[PDB]
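Only one chain comes next, encoded as structure tokens, the form deposited in one PDB entry.
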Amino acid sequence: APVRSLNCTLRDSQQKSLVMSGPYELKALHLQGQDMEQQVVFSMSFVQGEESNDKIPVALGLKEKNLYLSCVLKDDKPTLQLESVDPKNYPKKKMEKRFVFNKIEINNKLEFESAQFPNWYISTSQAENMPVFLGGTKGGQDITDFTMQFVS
């Protein structure tokens, strides 16, 4: 059948929202009120991959954009990028592995592990206005926990 998707927003566990902040870049900042319309709406697709009760493979597309979060080696390091695709072909159930995140539910929060790069996570910094990135530990000063808000 088709691939199933849900519209949503994400907030880090410090309650920073995510906004597109220039060509193919996502930043996290504290937002409330009118400025919250700026937050990124994701289309979260439920994709093919290894699955368990609390570990669900997803792709994170930007709503009504041919842009996906993806994990690739850059200058020899696992990194997070926004990657454009052929809009005729996406989303699909069998997403390429660089687009797949394991959405892990622990203690009423979510982590998004790279399926391609085990133990690398979608991360934010403590400081405001810094990039969303792929971070190689769910332990230390960087934030790897999120909450999801369902959007109409």
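Here the rigid core means the biggest group of C-alpha atoms that line up within 1.5 Å when the two forms are laid on top of each other. Heads up: residue numbers just count along the shown sequence, starting at 1.
This protein has a second form, the form solved in complex with a partner chain, left out of what is shown; the following refers to that one.
None of the heavy atoms of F112 is located within 4.5 Å of its partner chain in the entry with it bound.
Taking non-hydrogen atoms only, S123 never approaches its partner chain to within 4.5 angstroms in the entry with it bound.
For the set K63, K103, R98, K92, a Cα shift of at least 2 angstroms between the shown form and the other one, after rigid core superposition, holds for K63 and for no other residue.
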